[PDB]
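Read the single chain below, which is given as structure tokens and is the form deposited in one PDB entry.
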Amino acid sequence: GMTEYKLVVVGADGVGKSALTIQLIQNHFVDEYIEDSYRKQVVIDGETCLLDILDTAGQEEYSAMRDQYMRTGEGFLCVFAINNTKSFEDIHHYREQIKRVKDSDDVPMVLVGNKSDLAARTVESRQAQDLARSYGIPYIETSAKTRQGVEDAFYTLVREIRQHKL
């Protein structure tokens, strides 16, 4: 058949989880936006695959069932917004929960600084890049509005999942 990658997009409210997902999957920008899954057949490095993307929403809770559902993700996009310092400060907490339910410090993960089209940046690229380095994961800046970096962000995550097999 065709290889499938289960991706989970996580991060603080309003950082653009839905806009990034809808931009990648449906190819347009939503100005106002529900937890749901989005799927698309794509080409990464010449190989065709199916992406199954969970756009997370709702309440923070740690029931057995919620843990088990997140545990089915194979890679995680940890998203903050480059104009929202609190969303960046929360990144450590999201990585902590991923490592906990996946029971591994070697989870395919990408740090995404979204809304890079905005002028009013509060998180310098270099501080997010250095944070990603301390985690050992790539850092990619995106704009769901312009589509800049969006494919690079999700596809790099797939590449991490692939390299994480071997």
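All residue numbers refer to positions in the sequence shown, first residue = 1.
If you look for the form solved in complex with a small molecule, you will not find it shown, but the lines that follow are about it.
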**Prompt:** Is there a heavy atom of residue 54 lying 4.5 Å or less from a heavy atom of the small molecule in the entry with it bound?
**Reply:** yes
**Interface membership of residue 6, the small molecule in the entry with it bound, 4.5 Å heavy atom rule** = yes
**Message:** Please determine whether residue 133 contacts the small molecule in the entry with it bound, using a 4.5 Å cut-off between heavy atoms.
**Reply:** no
**Asked** Would residue 129 sit within 4.5 Å of the small molecule in the entry with it bound, counting heavy atoms only?
**Response** no
